[PDB]
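Peer 1: Numbering-wise, the sequence shown is residues 6 to 90 according to full-length UniProt numbering. Using N, Cα and C, we set each Cβ at its ideal position, and we do this for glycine too. Questions regarding the structure given below will be posed in turn.
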Amino acid sequence: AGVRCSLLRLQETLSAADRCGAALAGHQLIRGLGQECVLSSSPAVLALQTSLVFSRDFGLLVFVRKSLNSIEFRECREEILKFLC
């Protein structure tokens with residue numbers, strides 16, 4: 006499972022100085038992450054993917070609410086809602 010190494014880099018894009026350019030890494034990184042855990046079929050790796058998507062210090066909803074003052078991150082915040090759907 007790559008899901009945690011993927012999510013760890015998503016928080017880096019939010020903290021990067023080039024906010025305009027870093028959005029392009031973050032979008033395509035969510036676009037990869039949201040293929041990995043829809044594809045899955047094993048109950049105890051589905052445990053990993055239900056555990057770390059909805060993480061508290063880390064994970065997808067923290068990234069939305071912490072990025073929510075930006076206008077650059079629209080592409081991420083659409084994709085991450087499409088994925089959560």
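1. List the whole-angstrom C-beta distance separating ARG36 from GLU84, where the pair is believed to meet the contact cut-off of C-beta under 8 Å.
2. Taking one C-beta from the region 45-56 and one from the region 70-78 each time, how about it: are there three or more such pairs within less than 8 Å?
3. Let me know if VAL43 comes out buried or exposed under the rule of 16 or more other beta-carbons within 10 Å of its beta-carbon.
4. First and last residue of the alpha helix (DSSP H) that includes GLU84?
5. Can you give me the Cβ contacts of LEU38 inside the same chain, cut-off strictly under 6 Å, excluding the 5 residues immediately before and after it?
Peer 2: From the atom records:
1. The count along the sequence shown starts at 1 and reaches residue 36 at position 31. The count along the sequence shown starts at 1 and reaches residue 84 at position 79. With 8 Å as the limit, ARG36 and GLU84 qualify as a contact, their Cβ atoms being about 6 Å apart.
2. no
3. What you label residue 43 is simply residue 38 of the sequence shown in a count that begins at 1. By the neighbour-count rule (16 or more Cβ atoms within 10 Å), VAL43 is not buried but exposed.
4. Within the sequence shown, the letter at position 79 stands for residue 84. From DSSP, the alpha helix (DSSP H) with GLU84 extends over 79-89.
5. To locate residue 38, count along the sequence shown from 1; it is residue 33. Counting only Cβ-Cβ distances below 6 Å, and skipping sequence neighbours, we find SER11.
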